[PDB]
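Protein chains in written order, with PDB author numbering: chain E, 1151 to 1199; chain A, 515 to 563.
A quick write-up on the structure given underneath.
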Amino acid sequence: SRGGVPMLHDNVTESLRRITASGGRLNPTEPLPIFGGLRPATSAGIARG
Amino acid sequence: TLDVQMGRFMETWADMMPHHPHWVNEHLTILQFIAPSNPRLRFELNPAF
């Protein structure tokens, strides 16, 4: 969720949630549109935590 | 022969490669090829083939 400012380095911290989100279940996205309430994809139903 | 297509060898190893390394993975301790959700595993397979 949003509020920030633009743009003179991107695609390698693009190596940073395409190279960041580590160590557990499920991990994120590539292309970056804007400004919403944001209902997306499929995840999981219940066994421990 | 071995002087020309040679070492000018990398150049035409740039019709080619700076995207760094995928099953390149060979150095740490037990976990970034035993945790849950990843691009490069559908390959390193069988006791056949």
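Every residue gets a Cβ at the ideal spot worked out from N, C-alpha and C, and that includes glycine.
> Within 9 angstroms (strictly less), CB to CB, does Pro550(A) reach chain E?
Replying inline: For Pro550(A), the answer is yes, since a Cβ of chain E falls inside 9 angstroms of its Cβ.
>> Can you tell me where the alpha helix (DSSP H) holding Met520(A) begins and where it ends?
In response: From DSSP, the alpha helix (DSSP H) with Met520(A) extends over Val518 to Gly521.
>> Does the region 545-552 of chain A come into contact with the region 1161-1177 of chain E, if we say contact requires no fewer than three beta-carbon pairs (one atom in each stretch) closer than 8 angstroms?
In response: Contact between the region 545-552 of chain A and the region 1161-1177 of chain E is present, because at least three Cβ pairs lie under 8 angstroms.
> Does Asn1161(E) have its Cβ less than 9 angstroms from a Cβ in chain A?
Replying inline: Closer than 9 angstroms: no.
>> To the nearest angstrom, how far is the alpha carbon of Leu1188(E) from that of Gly1153(E)?
In response: Between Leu1188(E) and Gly1153(E), the C-alpha separation is close to 15 angstroms.
>> Measuring only the C-alpha atoms, how far is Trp527(A) from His533(A)?
In response: Going by the C-alpha atoms only, they are around 12 angstroms apart.
>> With a threshold of 9 angstroms between beta-carbons, can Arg1189(E) be considered close to chain A, or not?
In response: It does not: the Cβ of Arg1189(E) has no partner Cβ on chain A nearer than 9 angstroms.
> So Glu1180(E) packs on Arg1198(E), CB below 8 angstroms; how close in whole Å?
Replying inline: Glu1180(E) to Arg1198(E), Cβ: 30 angstroms. No contact.
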